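Descriptive structure summary
In case you want the letters, here they are:
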Amino acid sequence: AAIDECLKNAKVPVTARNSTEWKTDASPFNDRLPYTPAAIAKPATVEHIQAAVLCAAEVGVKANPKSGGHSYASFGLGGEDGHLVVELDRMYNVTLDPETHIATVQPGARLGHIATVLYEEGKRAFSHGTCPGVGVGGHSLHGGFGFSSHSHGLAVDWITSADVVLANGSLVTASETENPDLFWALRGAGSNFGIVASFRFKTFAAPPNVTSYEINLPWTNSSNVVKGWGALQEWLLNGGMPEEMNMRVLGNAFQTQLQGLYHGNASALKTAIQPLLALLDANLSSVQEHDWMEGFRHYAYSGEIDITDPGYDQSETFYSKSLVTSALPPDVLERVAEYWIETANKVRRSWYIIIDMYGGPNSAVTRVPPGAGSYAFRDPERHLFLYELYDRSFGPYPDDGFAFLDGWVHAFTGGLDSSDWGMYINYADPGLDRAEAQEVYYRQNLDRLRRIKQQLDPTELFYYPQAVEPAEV
Ligand SMILES: *Cc1cc2c(nc3c(=O)[nH]c(=O)nc-3n2C[C@H](O)[C@H](O)[C@H](O)COP(=O)(O)OP(=O)(O)OC[C@H]2O[C@@H](n3cnc4c(N)ncnc43)[C@H](O)[C@@H]2O)c(*)c1C
Ligand SMILES: *[C@@H]1O[C@H](CO)[C@@H](O[C@@H]2O[C@H](CO)[C@@H](O)[C@H](O)[C@H]2NC(C)=O)[C@H](O)[C@H]1NC(C)=O
Ligand SMILES: *[C@@H]1O[C@H](CO)[C@@H](O[C@@H]2O[C@H](CO)[C@@H](O)[C@H](O)[C@H]2NC(C)=O)[C@H](O)[C@H]1NC(C)=O
Ligand SMILES: *[C@@H]1O[C@H](CO)[C@@H](O)[C@H](O)[C@H]1NC(C)=O
Ligand SMILES: *[C@@H]1O[C@H](CO)[C@@H](O)[C@H](O)[C@H]1NC(C)=O
Ligand SMILES: *[C@@H]1O[C@H](CO)[C@@H](O)[C@H](O)[C@H]1NC(C)=O
């Protein structure tokens, strides 16, 4: 078709429709949502990215970058059939300056590879998610929370500059001192404004030791959930969690536990965690000291860490939702707990809920001031918890299944003003219509995002079904 001929004339490498590699390059992370691209560009340099974008614009098709392909909604494929997919995973080089400790990271680099290179070359790191196969592109442009985030912030907070290919093929560099409006927009909503062709990240010196631990929670009835969660949020909100401590609740039908990573040794951990244990009347278990990379591996749930193979094909079948909330009033705790015990525990699929200890007085995430970037959730009191709700099937996903997580989220949002909750596009939820998605993902920053979208991509070349809409001018 026209897009294929345009790419050929422009000397852009592609994955041909009738090739083995099409299957891999086109594949979703979420097997519930396959889409068939119009074509797949396979750039090895920024020039190819420019040429691919220009071809999309000239021919009249939509285009989307795909970095790691982990979008829960397959938005790296366009979120619908018939987009040019700019597959970035042949571009995964990571370079670390020995002097400034700034890393230059190609946009197809996955987190495991990044972590490995930074650590092996200079004992450096930046703050990012668990899951070594996750692409740096989608992850860092919309937040990126992990087991260093209470200590060191979101992946987006370590971005120091970026080179971007705009919808008309122009090149720009964005930083605090250059195209600062674009730099603001990128840092929370980056999928909407261009294709990032190179990232520069600051780093911190990796701690020599980290200690993983677990605290099993007796959340077997609604009363225990309410009381335990009520104590836990009160503790976090009141400054109970030290900067070195990074933690979450993981819940499923069969166990609930706190899981943490303490940036320090086991004895430091025991001392630091004692007050919470006394508050919750629980005990520590599975206390394990690690070197930095062993710490990453512990929560990676992956044999492969340093992943660079374009054959990468990890996938699951699922529905997922997210939330960001303040502390919850007890009546909301009660409804959420009732749903957990009476509904979630009886759902005959592999579901889980993660509640990250996200905000509060000591969190590096919510220390970032409210004007620093488009990412919306920076208030230390109002943005206390981050949630991932995940509903996985091993056969095909049942078409009536969505009511489960939808109902659970309603138990939260019913009792919270819209100013006290939002949602997180790194757990992209295609159940949300376009208007609602923009509002819940970006909240108070939507209006400015829409203005910058009109300035930078007025034709919506980078469209997907939950993309920011250009402001009307
Ligand atoms: C599958 C998976 C996802 C995880 C995992 N662990 C996470 C964690 O511990 N913390 C988190 O905060 N998030 C975790 N996630 C979710 C991922 O963070 C999100 O799914 C990311 O958005 C995925 O990034 P990526 O793998 O790059 O996904 P794509 O589908 O390729 O892109 C998503 C989105 O971003 C746009 N985009 C990609 N690349 C670019 C560039 N270079 N420039 C602009 N825009 C870009 C895409 O077009 C798309 O819209 C653990 C697991 C197992
Ligand atoms: C990533 O970095 C490697 C260097 O480590 C680049 O590899 C070189 O590629 C050129 C031409 O493609 C070869 O002539 C060299 O021999 C390669 N060097 C080595 C040491 O292998 C590679 O080009 C870079 N990849 C990207 C996408 O930019
Ligand atoms: C490519 O896109 C950019 C932004 O969409 C255009 O640059 C802008 O041009 C306007 C007026 O022409 C200026 O007022 C802005 O300040 C520019 N923005 C930036 C970021 O440079 C650029 O003109 C476009 N190029 C073409 C050929 O259309
Ligand atoms: C502590 O870290 C060092 C590397 O910094 C590592 O060699 C050692 O094994 C770690 N100790 C423990 C108990 O994990
Ligand atoms: C919840 O379980 C605890 C024991 O784990 C019990 O003491 C408590 O009474 C239970 N509450 C209700 C309402 O069943
Ligand atoms: C644990 O860390 C503390 C620093 O907080 C240090 O004083 C102590 O030496 C460490 N313990 C061991 C066994 O290294």
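Residues numbered from 1 in each chain as written, not as in the entry; some residues may be left out. Chains lettered and ligands numbered in written order. Heavy atoms only, no water.

Structural notes on empty space enclosed by the protein
For the structure on display, the rule yields four cavities of 30 Å³ or more. Size it by volume and the largest cavity reaches roughly 190 Å³. Surrounding the largest cavity, 15 residues form its lining, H128, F147, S148, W292 and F296 being those nearest its centre. Broken down by secondary-structure element, the contributors of at least two residues to the lining of the largest cavity are helix 4 (111-122) and helix 10 (292-300). Looking at the lining of the largest cavity, the element that brings in the most residues is helix 10, giving four residues. Tallied by class, the residues present in the lining of the largest cavity amount to nine nonpolar, six polar and no charged. When residues of the lining of the largest cavity are assigned to domains, at least three fall in each of domain 1 (1-208 + 438-473) and domain 2 (209-437). (1 Å grid on protein atoms, 1.4 Å probe; cavity = no way out; pocket = protein on both sides within 12 Å on 5 of 7 lines; lining within 4 Å. Points joined across faces, edges and corners; volume = space filled by probe spheres on them. Helix = DSSP H or I, 4+ residues; strand = E, 2+ residues; numbered from the N terminus. Nonpolar A, V, L, I, M, F, W, Y, C, P; charged D, E, K, R; others polar. Domains from an automatic or database assignment.)

Notes on the packing of aromatic side chains
As enumerated under the stated definition, the model contains 33 aromatic pairs in all. Judged by centre distance (5.0 Å) and plane angle (80 degrees), the ring pair of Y72 and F318 falls under edge-to-face. Here the residue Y72 occupies a position in the loop between strand 3 (63-66) and strand 4 (84-87), and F318 occupies one in strand 16 (residues 317-325), the gap between them amounting to 246 residues. Under the relative-accessibility criterion, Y72 is labelled buried at 11%. We classify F318 as buried; its relative accessible area is 0%. Each ring, one from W351 and one from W408, has its centre 5.3 Å from the other, and the planes form 80 degrees; the classification is edge-to-face. In this pair, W351 is assigned in strand 17 (residues 350-357) and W408 in helix 12 (residues 402-413), connecting sequence segments 57 residues apart. Assessed through its relative accessible area of 3%, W351 is described here as buried. Linked through ring pairs, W219, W229, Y339, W340, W351, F385, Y387, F404, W408 and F412 together constitute an aromatic cluster. The ring centre of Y312 lies 4.1 Å from the NZ or CZ of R110, which sits over that ring. (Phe/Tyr/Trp six-rings, centres within 6.5 Å; stacked < 30°, edge-to-face > 60°. Buried < 20%, exposed > 50% of the residue type's maximum accessible area, 1.4 Å probe, protein only. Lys NZ or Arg CZ within 6 Å of the ring centre and 35° of its normal.)

Let's talk about the UniProt feature "disulfide bond" in the chain
In these coordinates the annotated UniProt disulfide of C6 and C55 is reproduced, with an SG-SG gap of 2.1 Å that lies under 2.5 Å. Of this pair, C6 sits in helix 1 (residues 2-9) while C55 sits in helix 3 (residues 46-59), and the two are 49 residues apart along the sequence. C6 sits in the buried class, given a relative accessible area of 14%. (Disulfide = S-S within 2.5 Å. UniProt positions renumbered as here; feature names shortened; annotations may be inferred.)

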